[PDB]
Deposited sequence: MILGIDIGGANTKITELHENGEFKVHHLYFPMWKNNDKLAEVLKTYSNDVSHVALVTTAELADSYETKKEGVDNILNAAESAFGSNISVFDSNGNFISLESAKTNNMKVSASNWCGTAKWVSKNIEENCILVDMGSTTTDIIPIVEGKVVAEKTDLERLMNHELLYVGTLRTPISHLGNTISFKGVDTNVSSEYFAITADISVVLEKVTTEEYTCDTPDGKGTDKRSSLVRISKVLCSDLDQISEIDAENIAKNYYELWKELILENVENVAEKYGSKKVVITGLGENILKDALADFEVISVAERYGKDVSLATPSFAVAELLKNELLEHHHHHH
């Protein structure tokens, strides 16, 4: 009975014992990964809090795909902060495909990480990944819509759009049914509802208009056209990485799987939600570090 703990909200995966697993949103071994005013205070809080009900049997998955024991993370806290893709990438390279591209999209960013010969070959820092099509700052929920493009086709004409914070990808996702209303968990830009109509109201403000000047069908069309711009952003980046590493297989996961599938039809797609369930797909890092800890402790 080993647990996979991803503190960012927090997700827990109960692994081991023939394979009996389950995840929950908020034990002999615990894999601790943190994807979440100096950033050394919270680090101690997390570490010390972990010791409380888990003891010393805690393995921390650092910035790299390396598992460091406790106290090692207490000494040099500059390794505790980990990405939301490193753990998943490691897991994929040893349990799904050794030659592929992992594409994960959360509420804010999309990670496109090449895996070659079983090893993760993505660049290190965020800057380096932005420079190599391995980090795309578009997410399922929090992306301001004009980041997808400052012009949009509206009623057949290329139209300029507002730069003000009015609508986000969450609005597009709900209107196009790529995520449920319940999955629109971030704050709405105007402090109002997450239902479709409320989302259409927000989207209409992008064109300095409202649902009195334009119809709901017109507004929905704005969402549809932005969705295609969004798909292209995902596709172009994955293609660039694929062209350099010769990979054709893509493993997708995260809240944005539906969007990922739509954008990457040109590739051989392997869905985490389809192979391990939607729960794992929504809590991949926690499940990943759980499987990884198992194999490493089984190395004995």
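Colleague: What are the missing stretches of the deposited sequence, listed from start to end?
Modeller: Seq positions lacking coordinates: 9 to 10, 29 to 49, 60 to 65, 330 to 334.
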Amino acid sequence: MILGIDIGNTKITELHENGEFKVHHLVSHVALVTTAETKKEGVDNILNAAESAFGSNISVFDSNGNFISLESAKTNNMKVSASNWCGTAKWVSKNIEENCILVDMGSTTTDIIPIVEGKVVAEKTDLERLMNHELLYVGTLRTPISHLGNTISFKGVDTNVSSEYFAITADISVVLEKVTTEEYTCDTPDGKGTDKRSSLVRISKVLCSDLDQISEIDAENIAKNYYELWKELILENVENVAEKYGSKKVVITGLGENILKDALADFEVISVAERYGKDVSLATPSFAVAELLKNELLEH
From here on, numbers count along this sequence of modelled residues.
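Colleague: Using only C-alpha atoms and the B-factors in the entry, which stretch averages higher, 102 to 110 or 140 to 148?
Modeller: Mean CA B-factor is higher for 102 to 110.
Colleague: For the C-alpha atoms alone, is the average B factor greater in 71 to 79 or in 90 to 98, going by the entry?
Modeller: Per the deposited B-factors, the answer is 71 to 79.
Colleague: Of the choices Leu255, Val43, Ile234, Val251, which one's C-alpha carries the largest B-factor in the record?
Modeller: Comparing C-alpha B-factors across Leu255, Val43, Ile234, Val251, the top value belongs to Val43.
Colleague: Among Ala273, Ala50, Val238, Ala265, where is the Cα temperature factor highest, going by the PDB entry?
Modeller: Of the candidates given, the C-alpha B-factor peaks at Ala50.
Colleague: If you rank the chain by CA B-factor, which third does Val269 end up in: lowest, middle or highest?
Modeller: As the PDB entry reports it, the C-alpha B-factor of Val269 lands in the middle third of its chain.
Colleague: Among the modelled residues of this chain, does the Cα B factor of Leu260 put it in the lowest, middle or highest third?
Modeller: As the PDB entry reports it, the C-alpha B-factor of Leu260 lands in the lowest third of its chain.
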